[PDB]
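**Student:** Let me begin by handing over the structure; questions about it come next.
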2 protein chains.
Amino acid sequence: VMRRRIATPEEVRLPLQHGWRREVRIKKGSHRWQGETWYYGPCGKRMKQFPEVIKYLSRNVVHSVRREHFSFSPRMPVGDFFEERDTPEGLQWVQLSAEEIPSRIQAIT
Amino acid sequence: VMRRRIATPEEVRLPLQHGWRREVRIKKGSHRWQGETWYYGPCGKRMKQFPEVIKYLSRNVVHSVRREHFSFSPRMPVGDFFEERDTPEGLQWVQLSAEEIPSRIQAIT
């Protein structure tokens, strides 16, 4: 029984040791900047919502990874962060550095 | 003019510094084990064929990454390697270790 609801970053890192990937993707919307979390399961399936991950865990052979290890919070600094930037050349996606990540976490809404 | 056709592993690593990801995925087919290379562009788009990457480079703002930096060879040991395994529990995808990769490269056809 995982009764404690707040995953630690160490926990959220654990699937990344078992073939999963986590990304946080940031872009400007209607009025402000927003971020969204994606997971990729070890088979390569992209998942954007927590209920998709729950279904995946039920449909797949998973040993070490459980629902307690996931977080869709774009404020949790685990995994690779990307941002959509506009210049006169067009919209570009760039991966953020570690140094850039904390300011983005503060900025998204 | 890139006249030299054989990309070095250092070259194939370069997009991975500019937000791209590369994977090699191995599974047993009709009669033997086979591997396939996927790229993810910095926007998150999954690409499985070299002409998809050429089209992407034309449709996107890319500064440092050029067609010379790509290889769809599952024998090029750059990026993350995954393999589909069968046990009585079911089919499982696992990420391979560095130590495991060379034997797989030799084994695929």
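Chains: A, B, ... in order of the structure tokens. Residues: from 1 per chain. Ligands: from 1, in order shown.
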Excluding residue 62 (chain A) and its own-chain neighbours fewer than 2 positions away, which residues fall within 10 Å of it when counting only C-alpha atoms? Please give them as an NGL selection string.
**Tutor:** (:A and (18 or 42 or 56-60 or 64-66)) or (:B and (89 or 92-94))
**Student:** From a backbone DSSP assignment, name each residue in chain B labelled alpha helix (DSSP H), as a PyMOL selection string.
**Tutor:** chain B and resi 9-13+50-59+101-107
**Student:** Keeping N, CA, C and O atoms, export the residues of the selection given above as a compact mmCIF listing (two decimals), in the first residue's frame.
**Tutor:**
# COMPACT_ATOMS: atom_id res chain seq x y z
N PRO B 9 30.62 7.47 -35.93
CA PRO B 9 29.69 7.49 -34.80
C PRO B 9 29.61 8.88 -34.15
O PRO B 9 28.53 9.28 -33.71
N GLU B 10 30.71 9.63 -34.15
CA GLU B 10 30.71 10.99 -33.63
C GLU B 10 29.71 11.85 -34.38
O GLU B 10 28.96 12.62 -33.78
N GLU B 11 29.68 11.72 -35.70
CA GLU B 11 28.63 12.40 -36.48
C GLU B 11 27.23 12.01 -36.18
O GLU B 11 26.26 12.85 -36.08
N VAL B 12 27.03 10.71 -36.01
CA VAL B 12 25.67 10.23 -35.71
C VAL B 12 25.23 10.64 -34.27
O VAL B 12 24.04 10.77 -34.02
N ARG B 13 26.18 10.84 -33.39
CA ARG B 13 25.90 11.42 -32.06
C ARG B 13 25.49 12.87 -32.10
O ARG B 13 24.85 13.36 -31.16
N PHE B 50 14.64 7.15 -43.77
CA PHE B 50 15.52 8.28 -44.10
C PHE B 50 14.78 9.38 -44.88
O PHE B 50 14.99 10.57 -44.57
N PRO B 51 13.93 9.04 -45.84
CA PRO B 51 13.17 10.12 -46.53
C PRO B 51 12.26 10.97 -45.63
O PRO B 51 12.12 12.19 -45.95
N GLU B 52 11.78 10.42 -44.51
CA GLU B 52 11.03 11.19 -43.51
C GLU B 52 11.90 12.24 -42.85
O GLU B 52 11.44 13.36 -42.59
N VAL B 53 13.16 11.88 -42.56
CA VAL B 53 14.09 12.80 -41.94
C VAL B 53 14.47 13.88 -42.93
O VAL B 53 14.53 15.07 -42.59
N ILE B 54 14.69 13.51 -44.21
CA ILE B 54 14.97 14.54 -45.22
C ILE B 54 13.82 15.56 -45.31
O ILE B 54 14.04 16.76 -45.36
N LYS B 55 12.60 15.07 -45.31
CA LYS B 55 11.43 15.97 -45.39
C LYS B 55 11.37 16.90 -44.13
O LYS B 55 11.14 18.12 -44.24
N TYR B 56 11.63 16.30 -42.97
CA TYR B 56 11.64 17.04 -41.70
C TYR B 56 12.66 18.14 -41.72
O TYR B 56 12.39 19.27 -41.34
N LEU B 57 13.86 17.84 -42.20
CA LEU B 57 14.90 18.85 -42.25
C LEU B 57 14.48 19.98 -43.17
O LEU B 57 14.80 21.17 -42.89
N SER B 58 13.74 19.68 -44.23
CA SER B 58 13.29 20.75 -45.10
C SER B 58 12.14 21.59 -44.48
O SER B 58 11.97 22.80 -44.84
N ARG B 59 11.32 20.99 -43.65
CA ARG B 59 10.14 21.66 -43.16
C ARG B 59 10.41 22.40 -41.83
O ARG B 59 9.54 23.10 -41.35
N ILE B 101 25.07 -4.56 -26.17
CA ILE B 101 24.87 -4.04 -27.53
C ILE B 101 25.74 -4.71 -28.67
O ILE B 101 25.18 -5.06 -29.69
N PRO B 102 27.04 -4.89 -28.48
CA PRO B 102 27.90 -5.42 -29.56
C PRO B 102 27.43 -6.79 -30.05
O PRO B 102 27.38 -7.01 -31.27
N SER B 103 26.99 -7.67 -29.15
CA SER B 103 26.50 -9.02 -29.55
C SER B 103 25.23 -8.93 -30.35
O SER B 103 25.01 -9.67 -31.34
N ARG B 104 24.40 -7.96 -30.02
CA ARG B 104 23.21 -7.78 -30.82
C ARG B 104 23.47 -7.27 -32.21
O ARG B 104 22.79 -7.68 -33.15
N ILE B 105 24.40 -6.32 -32.30
CA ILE B 105 24.79 -5.76 -33.58
C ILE B 105 25.29 -6.88 -34.50
O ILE B 105 24.92 -6.94 -35.67
N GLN B 106 26.09 -7.77 -33.96
CA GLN B 106 26.53 -8.92 -34.72
C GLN B 106 25.40 -9.85 -35.15
O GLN B 106 25.50 -10.52 -36.21
N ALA B 107 24.37 -9.95 -34.32
CA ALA B 107 23.36 -10.98 -34.50
C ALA B 107 22.27 -10.61 -35.49
O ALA B 107 21.67 -11.52 -36.08
**Student:** Pick out each residue of region 61-98 of chain B that DSSP on the backbone tags as strand (DSSP E); I need them as a ChimeraX atom specification.
**Tutor:** /B:80-87,90-95
**Student:** Those same residues, written as a short mmCIF file (atom, residue, chain, number, x, y, z; two decimals), in the first residue's frame with N, CA, C and O atoms?
**Tutor:**
data_model
loop_
_atom_site.label_atom_id
_atom_site.label_comp_id
_atom_site.auth_asym_id
_atom_site.auth_seq_id
_atom_site.Cartn_x
_atom_site.Cartn_y
_atom_site.Cartn_z
N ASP B 80 19.92 4.57 -27.97
CA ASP B 80 19.42 3.61 -26.98
C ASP B 80 18.91 2.37 -27.74
O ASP B 80 18.21 2.49 -28.75
N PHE B 81 19.32 1.21 -27.28
CA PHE B 81 18.96 -0.03 -27.91
C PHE B 81 17.97 -0.78 -26.97
O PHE B 81 18.17 -0.81 -25.75
N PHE B 82 16.95 -1.34 -27.60
CA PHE B 82 15.88 -2.06 -26.92
C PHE B 82 15.65 -3.42 -27.61
O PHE B 82 15.80 -3.56 -28.82
N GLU B 83 15.21 -4.42 -26.85
CA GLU B 83 14.94 -5.70 -27.38
C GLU B 83 13.66 -6.30 -26.80
O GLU B 83 13.40 -6.09 -25.63
N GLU B 84 12.89 -6.94 -27.67
CA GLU B 84 11.69 -7.69 -27.29
C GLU B 84 12.03 -9.10 -26.92
O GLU B 84 12.59 -9.82 -27.73
N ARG B 85 11.72 -9.45 -25.66
CA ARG B 85 11.96 -10.77 -25.09
C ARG B 85 10.64 -11.50 -24.75
O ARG B 85 9.70 -10.92 -24.23
N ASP B 86 10.59 -12.79 -25.02
CA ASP B 86 9.43 -13.62 -24.66
C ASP B 86 9.76 -14.44 -23.43
O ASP B 86 10.85 -15.13 -23.42
N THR B 87 8.89 -14.48 -22.40
CA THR B 87 8.98 -15.40 -21.29
C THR B 87 7.58 -15.95 -21.09
O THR B 87 6.68 -15.36 -21.75
N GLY B 90 4.93 -13.21 -20.87
CA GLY B 90 4.52 -12.51 -22.03
C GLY B 90 5.73 -11.85 -22.73
O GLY B 90 6.85 -12.05 -22.35
N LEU B 91 5.46 -11.11 -23.78
CA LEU B 91 6.47 -10.33 -24.44
C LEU B 91 6.79 -9.06 -23.60
O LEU B 91 5.89 -8.35 -23.15
N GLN B 92 8.08 -8.83 -23.38
CA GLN B 92 8.61 -7.69 -22.63
C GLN B 92 9.64 -6.91 -23.46
O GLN B 92 10.53 -7.50 -24.02
N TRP B 93 9.59 -5.60 -23.43
CA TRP B 93 10.67 -4.78 -24.08
C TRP B 93 11.64 -4.33 -22.99
O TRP B 93 11.22 -3.89 -21.91
N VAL B 94 12.93 -4.58 -23.22
CA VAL B 94 13.93 -4.12 -22.27
C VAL B 94 14.97 -3.28 -22.97
O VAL B 94 15.24 -3.46 -24.15
N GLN B 95 15.54 -2.34 -22.24
CA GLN B 95 16.64 -1.57 -22.81
C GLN B 95 17.92 -2.33 -22.58
O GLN B 95 18.19 -2.88 -21.49
#
**Student:** Smallest atom-to-atom distance to residue 73 (chain A): which of A:41, A:30, A:108, A:46, using only C-alpha atoms?
**Tutor:**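 Nearest candidate to residue 73 (chain A) out of A:41, A:30, A:108, A:46: A:108.
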**Student:** How many Å lie between CA of residue 24 (chain B) and CA of residue 19 (chain A), rounded to one decimal?
**Tutor:**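 Computed distance, CA of residue 24 (chain B) to CA of residue 19 (chain A), equals 12.5 Å.
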**Student:** Separation of CA of residue 14 (chain A) and CA of residue 39 (chain B), in Å?
**Tutor:**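 Between CA of residue 14 (chain A) and CA of residue 39 (chain B) the gap is 23.7 Å.
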**Student:** Go through B:43, B:78, B:6, B:16 one by one, measure the shortest atom-to-atom distance of each to chain A using only C-alpha atoms, and give the residue with the smallest value.
**Tutor:**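 Nearest to chain A: B:43.
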**Student:** Which residue is closest to residue 35 (chain B)? Choose from B:4, B:48, B:20, B:70 and count only C-alpha atoms.
**Tutor:**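 With only C-alpha atoms as the atom set, the closest residue is B:48.
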**Student:** So which one's closest to chain A, B:79, B:44, B:74, B:29? Using only C-alpha atoms, please.
**Tutor:**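 Residue with the minimum atom-to-atom distance to chain A: B:44.
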**Student:** When you count only C-alpha atoms, which of these residues is closest to residue 96 (chain A): B:17, B:26, B:7, B:33?
**Tutor:**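 Distance minimum relative to residue 96 (chain A) lands on B:17.
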**Student:** Please report the interatomic distance between CA of residue 97 (chain A) and CA of residue 49 (chain B) in Å with one decimal.
**Tutor:**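 Here the two named atoms are 28.7 Å from each other.
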